[PDB]
């Protein structure tokens, strides 16, 4: 059933999956770089609630971030770390670090870091789009409320450039069916089906291997024809804003496997697009 889109459509039902479909409760920090609005939404079993909002925020520069020093705020889907104290009053009372660069950023060769949500200089110095070095600044008098809303939660960061990016039920359902079809192909050492879920042109890796060599490597590995038992859990699927006019999603999950002497849980992440035929194509894989 898990390989059928309509099974997932039934599971999703009337849930609000516009900011993603999550196995458990999460918060989503949604920033739009054109609107200069940051909102925090809680997701509870498909019910969305707006818990925080500030308008007239300061972000970094427009455009897709590429390198250390370009001053741009990254567009995409990230995670937020716990409140911390920079120890420099320039950042306001405290800060929260986003995970820029993520795996997709890295395999695309992007550089930089230090993309945080923080406040304003305690001495009153003004901020502008050039001074945050890509960080997102909220007024200090709103940061206590922001901190309370994100405290002790699993918190994601969704940053749009201009267009409003929302997940669609049909896309989440089709991707979940593709995910479990890809899982079955790996389980059965079915090289051809497995490889059909990778973008022959755009899939990128740390080791810079091209698709032809990746295909032959996987066929070699799969030739062991090992009997495998694998379970996915804690699946989170999220829409992925981008400036390439692609329908992209992030899929994260735990990979579980029992061994006669150990049960292993490992974190998996796929960054994917939906191709013109409606099929998942993996662009980066942990």
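Positions refer to the first chain, counted from 1.
- Higher mean CA B-factor, judged across 74 to 82 and 202 to 210 from the recorded values: 202 to 210.
- Averaged over Cα atoms, the B-factor as recorded in the entry is higher for 250 to 258 than for the other of 56 to 64 and 250 to 258.
- Highest C-alpha temperature factor among 101, 114, 124, 119, as the PDB entry reports it: 124.
- In the deposited coordinates, the residue among 26, 230, 29, 235 with the greatest CA B-factor is 230.
- Ranked against the other modelled residues of its chain, the C-alpha B-factor of residue 2 as given in the entry falls in the highest third.
- The PDB entry assigns residue 217 a C-alpha temperature factor belonging to the highest third of its chain's modelled residues.
- Compared with the other modelled residues of the chain, the Cα B-factor recorded for residue 189 ranks in the highest third.
- Per-chain ranking of the deposited C-alpha B factor places residue 89 in the highest third.
- In this PDB entry, residue 160 carries a Cα temperature factor that places it within the lowest third of its chain's modelled residues.
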